[PDB]
file model34.txt (compact mmCIF, C-alpha atoms and all ligand atoms)
# COMPACT_ATOMS: atom_id res chain seq x y z
CA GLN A 1 61.96 19.41 10.98
CA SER A 2 59.75 17.13 8.89
CA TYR A 3 55.95 17.10 8.84
CA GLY A 4 54.11 13.81 9.15
CA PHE A 5 50.71 14.75 7.72
CA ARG A 6 49.10 11.34 8.06
CA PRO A 7 45.36 11.25 7.27
CA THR A 8 44.55 10.28 10.88
CA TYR A 9 46.20 13.35 12.42
CA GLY A 10 44.05 15.59 14.58
CA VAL A 11 42.58 18.85 13.33
CA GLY A 12 45.34 20.75 15.12
CA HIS A 13 47.98 18.87 13.12
CA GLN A 14 46.21 18.47 9.76
CA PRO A 15 47.83 20.35 6.86
CA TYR A 16 46.32 23.66 5.75
CA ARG A 17 47.14 25.31 2.43
CA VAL A 18 47.65 29.00 3.25
CA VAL A 19 47.64 31.58 0.45
CA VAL A 20 48.57 35.17 1.34
CA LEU A 21 47.71 38.06 -0.99
CA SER A 22 50.22 40.91 -0.68
CA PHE A 23 49.25 44.38 -1.91
CA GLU A 24 51.72 47.21 -2.51
CA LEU A 25 50.94 50.94 -2.59
CA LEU A 26 54.31 52.42 -3.55
CA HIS A 27 54.78 55.73 -5.39
CA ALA A 28 54.36 54.15 -8.82
CA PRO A 29 50.71 53.70 -9.84
CA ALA A 30 50.03 51.27 -12.69
CA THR A 31 47.09 49.51 -14.36
CA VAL A 32 46.97 46.68 -11.79
CA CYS A 33 43.27 46.86 -10.88
CA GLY A 34 40.23 44.61 -10.70
CA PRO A 35 37.71 43.80 -13.42
CA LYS A 36 35.00 46.29 -14.34
CA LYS A 37 31.52 45.62 -15.69
CA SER A 38 30.75 46.55 -19.30
CA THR A 39 27.34 47.37 -20.76
CA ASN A 40 25.74 48.40 -24.07
CA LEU A 41 25.76 51.92 -25.49
CA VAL A 42 22.43 53.73 -25.08
CA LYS A 43 21.21 57.07 -26.46
CA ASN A 44 17.84 58.42 -27.60
CA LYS A 45 16.39 59.53 -24.25
CA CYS A 46 19.86 59.75 -22.69
CA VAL A 47 20.69 57.37 -19.86
CA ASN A 48 23.44 57.87 -17.29
CA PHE A 49 26.84 56.75 -18.59
CA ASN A 50 30.16 56.07 -16.84
CA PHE A 51 32.67 55.90 -19.70
CA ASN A 52 36.14 54.84 -18.49
CA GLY A 53 35.72 56.71 -15.21
CA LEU A 54 33.92 59.95 -16.02
CA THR A 55 30.15 60.24 -15.61
CA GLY A 56 27.69 62.30 -17.62
CA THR A 57 24.09 62.52 -18.82
CA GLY A 58 24.19 63.99 -22.34
CA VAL A 59 22.78 62.65 -25.60
CA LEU A 60 25.25 60.21 -27.12
CA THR A 61 25.57 60.81 -30.86
CA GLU A 62 27.72 59.74 -33.81
CA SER A 63 28.76 63.26 -34.83
CA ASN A 64 31.81 63.87 -37.02
CA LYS A 65 33.72 65.70 -34.25
CA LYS A 66 36.74 63.50 -34.90
CA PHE A 67 39.34 63.57 -32.12
CA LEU A 68 42.99 62.53 -32.31
CA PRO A 69 43.94 58.82 -32.15
CA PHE A 70 45.55 59.45 -28.73
CA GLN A 71 43.02 61.75 -27.04
CA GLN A 72 40.40 60.18 -24.75
CA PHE A 73 38.37 63.20 -23.62
CA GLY A 74 36.45 66.24 -24.83
CA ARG A 75 36.15 69.78 -23.48
CA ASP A 76 34.59 72.96 -24.86
CA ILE A 77 35.49 76.59 -24.15
CA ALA A 78 33.60 76.37 -20.84
CA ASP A 79 35.59 73.22 -19.90
CA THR A 80 32.41 71.18 -20.30
CA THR A 81 33.10 67.45 -20.05
CA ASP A 82 32.13 66.35 -23.56
CA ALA A 83 31.73 62.68 -24.43
CA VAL A 84 34.67 60.33 -24.98
CA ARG A 85 35.12 57.85 -27.81
CA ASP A 86 33.97 54.31 -27.11
CA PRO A 87 36.66 52.53 -25.04
CA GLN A 88 35.81 49.33 -26.97
CA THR A 89 34.81 50.18 -30.55
CA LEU A 90 36.78 53.48 -30.75
CA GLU A 91 33.63 55.14 -32.13
CA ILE A 92 33.65 58.92 -31.73
CA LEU A 93 30.81 60.26 -29.58
CA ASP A 94 29.44 63.60 -28.39
CA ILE A 95 26.95 64.73 -25.75
CA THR A 96 24.61 67.70 -25.29
CA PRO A 97 22.19 68.69 -22.51
CA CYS A 98 19.09 66.49 -22.59
CA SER A 99 16.40 69.20 -22.72
CA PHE B 1 61.11 62.60 -21.52
CA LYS B 2 59.53 63.38 -18.15
CA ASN B 3 59.35 61.84 -14.67
CA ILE B 4 56.28 63.02 -12.73
CA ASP B 5 53.96 61.00 -10.47
CA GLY B 6 55.94 57.88 -11.39
CA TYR B 7 54.80 57.93 -15.02
CA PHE B 8 57.68 58.17 -17.52
CA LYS B 9 55.73 59.84 -20.31
CA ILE B 10 57.54 59.96 -23.67
CA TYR B 11 56.48 62.57 -26.23
CA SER B 12 57.71 62.45 -29.81
CA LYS B 13 56.87 63.62 -33.32
CA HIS B 14 58.68 63.01 -36.61
CA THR B 15 58.95 66.16 -38.74
CA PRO B 16 60.72 66.18 -42.13
CA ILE B 17 63.18 68.87 -43.20
CA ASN B 18 64.24 70.30 -46.57
CA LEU B 19 67.76 71.66 -46.02
CA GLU B 20 70.38 71.91 -43.28
CA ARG B 21 68.76 72.11 -39.85
CA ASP B 22 69.54 74.53 -37.02
CA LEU B 23 66.19 74.14 -35.23
CA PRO B 24 64.49 75.88 -38.16
CA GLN B 25 61.79 78.55 -38.05
CA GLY B 26 58.86 76.18 -37.73
CA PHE B 27 56.27 75.04 -35.22
CA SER B 28 55.25 71.45 -34.51
CA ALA B 29 53.53 69.70 -31.61
CA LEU B 30 54.71 66.49 -29.93
CA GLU B 31 52.29 63.62 -29.34
CA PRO B 32 52.47 61.22 -26.38
CA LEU B 33 54.04 57.89 -27.32
CA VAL B 34 54.13 55.77 -24.14
CA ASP B 35 53.20 56.11 -20.46
CA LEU B 36 55.54 53.62 -18.73
CA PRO B 37 54.37 53.38 -15.08
CA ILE B 38 57.68 52.43 -13.45
CA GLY B 39 58.56 55.37 -11.18
CA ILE B 40 62.32 55.09 -11.61
CA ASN B 41 64.67 57.70 -10.14
CA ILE B 42 66.13 59.05 -13.38
CA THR B 43 68.86 61.66 -12.89
CA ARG B 44 71.34 60.67 -15.63
CA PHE B 45 70.98 59.58 -19.24
CA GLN B 46 73.25 58.65 -22.14
CA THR B 47 72.45 58.56 -25.86
CA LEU B 48 72.94 55.00 -27.11
CA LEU B 49 74.70 54.57 -30.46
CA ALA B 50 75.25 51.64 -32.81
CA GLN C 1 83.99 44.40 -22.62
CA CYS C 2 83.11 47.82 -24.01
CA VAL C 3 85.62 50.07 -25.76
CA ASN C 4 85.80 53.73 -24.69
CA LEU C 5 86.19 55.67 -27.93
CA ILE C 6 82.86 57.54 -28.33
CA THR C 7 83.59 60.43 -25.93
CA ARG C 8 83.90 63.83 -27.60
CA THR C 9 83.46 67.52 -26.80
CA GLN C 10 80.26 69.59 -26.84
CA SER C 11 78.91 72.69 -28.59
CA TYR C 12 75.98 75.10 -28.51
CA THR C 13 73.37 76.38 -30.96
CA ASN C 14 70.35 78.67 -31.09
CA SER C 15 67.00 76.89 -30.89
CA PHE C 16 63.47 77.98 -31.85
CA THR C 17 59.90 77.36 -30.66
CA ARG C 18 60.47 73.63 -30.21
CA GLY C 19 59.41 71.16 -27.55
CA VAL C 20 55.68 71.96 -27.51
CA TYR C 21 53.63 68.87 -26.67
CA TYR C 22 50.11 67.95 -25.60
CA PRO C 23 49.95 68.29 -21.79
CA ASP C 24 46.80 66.15 -21.59
CA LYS C 25 44.88 63.59 -23.65
CA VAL C 26 41.85 65.84 -24.21
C1 LIG A 101 41.01 69.16 -40.03
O1 LIG A 101 41.46 69.97 -41.12
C2 LIG A 101 41.22 69.38 -42.41
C3 LIG A 101 41.84 70.29 -43.43
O2 LIG A 101 40.98 71.38 -43.75
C4 LIG A 101 39.72 69.18 -42.61
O3 LIG A 101 39.50 68.50 -43.84
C5 LIG A 101 38.53 69.21 -44.62
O4 LIG A 101 37.20 69.02 -44.10
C6 LIG A 101 36.19 69.73 -44.83
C7 LIG A 101 34.88 69.50 -44.10
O5 LIG A 101 34.41 68.17 -44.29
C8 LIG A 101 36.16 69.24 -46.28
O6 LIG A 101 35.20 70.01 -47.01
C9 LIG A 101 37.53 69.39 -46.91
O7 LIG A 101 37.53 68.83 -48.22
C10 LIG A 101 38.59 68.70 -46.06
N1 LIG A 101 39.91 68.90 -46.63
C11 LIG A 101 40.78 67.90 -46.83
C12 LIG A 101 42.10 68.29 -47.42
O8 LIG A 101 40.51 66.74 -46.54
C13 LIG A 101 39.12 68.36 -41.46
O9 LIG A 101 37.71 68.31 -41.58
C14 LIG A 101 39.50 68.98 -40.12
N2 LIG A 101 39.01 68.15 -39.03
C15 LIG A 101 37.82 68.35 -38.44
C16 LIG A 101 37.48 67.41 -37.33
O10 LIG A 101 37.07 69.25 -38.79
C1 LIG A 102 36.15 43.83 -27.64
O1 LIG A 102 35.49 42.61 -27.99
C2 LIG A 102 34.48 42.76 -28.99
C3 LIG A 102 33.83 41.41 -29.17
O2 LIG A 102 34.77 40.45 -29.64
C4 LIG A 102 35.09 43.31 -30.27
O3 LIG A 102 34.06 43.54 -31.23
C5 LIG A 102 34.42 42.90 -32.47
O4 LIG A 102 35.25 43.75 -33.27
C6 LIG A 102 35.66 43.16 -34.51
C7 LIG A 102 36.60 44.14 -35.17
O5 LIG A 102 37.89 44.10 -34.58
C8 LIG A 102 34.43 42.83 -35.36
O6 LIG A 102 34.85 42.18 -36.55
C9 LIG A 102 33.47 41.94 -34.58
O7 LIG A 102 32.28 41.75 -35.33
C10 LIG A 102 33.14 42.57 -33.23
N1 LIG A 102 32.28 41.69 -32.46
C11 LIG A 102 31.24 42.12 -31.73
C12 LIG A 102 30.47 41.07 -31.00
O8 LIG A 102 30.95 43.31 -31.68
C13 LIG A 102 35.84 44.61 -29.99
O9 LIG A 102 36.52 45.05 -31.16
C14 LIG A 102 36.84 44.41 -28.87
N2 LIG A 102 37.51 45.66 -28.55
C15 LIG A 102 38.80 45.74 -28.22
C16 LIG A 102 39.33 47.12 -27.93
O10 LIG A 102 39.52 44.75 -28.17
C1 LIG A 103 64.35 58.36 -5.26
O1 LIG A 103 65.17 59.38 -4.67
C2 LIG A 103 64.59 60.01 -3.52
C3 LIG A 103 65.54 61.11 -3.10
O2 LIG A 103 66.63 61.23 -4.01
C4 LIG A 103 64.36 58.97 -2.42
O3 LIG A 103 63.76 59.59 -1.29
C5 LIG A 103 62.40 60.00 -1.56
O4 LIG A 103 62.31 61.42 -1.78
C6 LIG A 103 60.98 61.87 -2.08
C7 LIG A 103 61.08 63.35 -2.38
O5 LIG A 103 62.33 63.88 -1.97
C8 LIG A 103 60.06 61.56 -0.90
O6 LIG A 103 58.73 61.95 -1.24
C9 LIG A 103 60.10 60.08 -0.58
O7 LIG A 103 59.33 59.82 0.60
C10 LIG A 103 61.53 59.62 -0.36
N1 LIG A 103 61.58 58.19 -0.11
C11 LIG A 103 62.20 57.65 0.95
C12 LIG A 103 62.15 56.15 1.05
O8 LIG A 103 62.77 58.34 1.79
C13 LIG A 103 63.49 57.84 -2.95
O9 LIG A 103 63.37 56.82 -1.97
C14 LIG A 103 64.09 57.26 -4.23
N2 LIG A 103 63.24 56.21 -4.77
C15 LIG A 103 61.99 56.39 -5.21
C16 LIG A 103 61.29 55.17 -5.73
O10 LIG A 103 61.44 57.49 -5.18
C1 LIG A 104 74.95 78.81 -24.62
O1 LIG A 104 75.86 78.66 -23.52
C2 LIG A 104 77.24 78.63 -23.91
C3 LIG A 104 78.04 78.38 -22.66
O2 LIG A 104 77.25 78.55 -21.49
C4 LIG A 104 77.61 79.95 -24.60
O3 LIG A 104 78.95 79.88 -25.05
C5 LIG A 104 76.68 80.21 -25.78
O4 LIG A 104 76.94 81.49 -26.33
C6 LIG A 104 75.22 80.14 -25.33
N1 LIG A 104 74.33 80.32 -26.46
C7 LIG A 104 73.72 81.48 -26.74
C8 LIG A 104 72.83 81.48 -27.95
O5 LIG A 104 73.88 82.48 -26.04

call {"tool": "encode", "arguments": {"input": "model34.txt", "output": "C-alpha cells"}}
result
Amino acid sequence: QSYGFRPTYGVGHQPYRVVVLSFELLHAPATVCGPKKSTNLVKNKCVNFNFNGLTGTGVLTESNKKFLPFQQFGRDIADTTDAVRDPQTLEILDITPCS
Amino acid sequence: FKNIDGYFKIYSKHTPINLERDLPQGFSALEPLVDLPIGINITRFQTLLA
Amino acid sequence: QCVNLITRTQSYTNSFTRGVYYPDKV
C-alpha cells in the first residue's frame, strides 16, 4: 500500500524517519567500542594515569627498559603492574612508588 | 594457531637453519602475529599450495 | 574446477623443544 505523505497530513499521518541501532553481544569480542578521551603525559609529582585500561600512580620516566615491539605491559618478580609504553608515541615508560 | 575466547591468535617466528632439518636441537620463541577476532568454529584445516 | 592430484601419504619424525610462544603481551 502506498503512502500519501502530503504536507497537510495530520501529526498521526506525518512521516517519521526511524533509525534503529542494533547491538550484538555474541561470543566473539572485537574492537567495536566507543571513543575514549586522550590527555597529555604527566610526571614529576606523579598524577593518576589510566593507560589503555590499566590504572596506576607511579612516577612516569623515560628509562631504557626497552620492551619488545609487541608487548604492551610490564611486570616485575612480584607481578607489580609496571608502566606501559605510550599508546600514541610508542615511548617506553616505567613507574616506581611515589615516596 | 589457536581458537580461544573467539580470538584466532597466530604465533610465528622465522628461524634460519644451516643443514638438513629434523626439528634440530635448538630453542626459539614464537611471537604473536595477529589477533583476528572472528570466533569461527575451526575443526579442520588444509595446507594451501601453489 | 580443481584437479585432485595433491593427495599423498603421511610420515612421522622426532621433534624437539619447539612450539614455545609468548602466552601474554607483557
Ligand atoms: C638485550 O641484550 C643485548 C645483548 O647483550 C643488550 O645489548 C647490550 O647492551 C649493553 C648495555 O647498554 C651494551 O653495553 C652492549 O654493547 C650491548 N650489546 C650489543 C651487541 O648491542 C641489550 O641491552 C639487552 N636489552 C636490554 C633492554 O637490556
Ligand atoms: C597520533 O596523532 C599525533 C598527532 O598527529 C601523532 O604525533 C605526530 O607524530 C609524527 C610522527 O609520526 C610527528 O612527526 C608529529 O610531529 C607528531 N605530532 C604531534 C602533534 O605530536 C602521533 O604519531 C599519532 N599516533 C599514532 C599511533 O597514530
Ligand atoms: C560452534 O560449535 C558449537 C558446538 O560444536 C556450537 O554450540 C555451542 O557450543 C558451546 C560449547 O559447546 C556453547 O558454549 C554454546 O552456547 C553453543 N552454542 C549454541 C548456539 O548452542 C556453536 O553454536 C557453534 N558456533 C559458535 C559461533 O560457537
Ligand atoms: C609416531 O606415531 C607413529 C604412528 O602412531 C609411530 O609409527 C611412530 O613411531 C611414532 N613416533 C615416535 C617417535 O615414536

call {"tool": "interface_residues", "arguments": {"input": "model34.txt", "of": "chain B", "to": "chain A", "cutoff": "9 Å", "atoms": "only C-alpha atoms", "output": "list in words"}}
result
residues 5, 6, 7, 31, 32, 33, 36, 37, 38, 39 and 40 of chain B

call {"tool": "residues_around", "arguments": {"input": "model34.txt", "residues": "residue 91 in chain A", "least_positions_apart": "2", "cutoff": "10 Å", "atoms": "all atoms listed in the file", "output": "mmCIF file with C-alpha atoms, keeping the file's coordinate frame"}}
result
data_model
loop_
_atom_site.group_PDB
_atom_site.id
_atom_site.type_symbol
_atom_site.label_atom_id
_atom_site.label_comp_id
_atom_site.auth_asym_id
_atom_site.auth_seq_id
_atom_site.Cartn_x
_atom_site.Cartn_y
_atom_site.Cartn_z
ATOM 1 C CA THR A 61 25.570 60.810 -30.860
ATOM 2 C CA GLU A 62 27.720 59.740 -33.810
ATOM 3 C CA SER A 63 28.760 63.260 -34.830
ATOM 4 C CA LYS A 66 36.740 63.500 -34.900
ATOM 5 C CA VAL A 84 34.670 60.330 -24.980
ATOM 6 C CA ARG A 85 35.120 57.850 -27.810
ATOM 7 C CA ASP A 86 33.970 54.310 -27.110
ATOM 8 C CA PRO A 87 36.660 52.530 -25.040
ATOM 9 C CA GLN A 88 35.810 49.330 -26.970
ATOM 10 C CA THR A 89 34.810 50.180 -30.550
ATOM 11 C CA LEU A 93 30.810 60.260 -29.580
#

call {"tool": "residues_around", "arguments": {"input": "model34.txt", "residues": "range 4-9 of chain C", "least_positions_apart": "5", "cutoff": "12 Å", "atoms": "all atoms listed in the file", "output": "ChimeraX atom specification"}}
result
/B:46-50

call {"tool": "axis_aligned_box", "arguments": {"input": "model34.txt", "around": "ligand LIG 104 (chain A)", "padding_each_side": "8 Å", "output": "AutoDock Vina command-line options"}}
result
--center_x 75.9 --center_y 80.4 --center_z -24.7 --size_x 22.1 --size_y 20.1 --size_z 22.5

call {"tool": "interface_residues", "arguments": {"input": "model34.txt", "of": "chain C", "to": "chain A", "cutoff": "9 Å", "atoms": "only C-alpha atoms", "output": "ChimeraX atom specification"}}
result
/C:24-26

call {"tool": "interface_residues", "arguments": {"input": "model34.txt", "of": "chain B", "to": "chain C", "cutoff": "8 Å", "atoms": "all atoms listed in the file", "output": "list in words"}}
result
residues 11, 22, 23, 24, 25, 26, 27, 28, 29, 30, 31 and 32 of chain B

call {"tool": "closest_residue", "arguments": {"input": "model34.txt", "among": "B:34, B:10, B:3, B:16", "to": "ligand LIG 103 (chain A)", "atoms": "all atoms listed in the file"}}
result
B:3
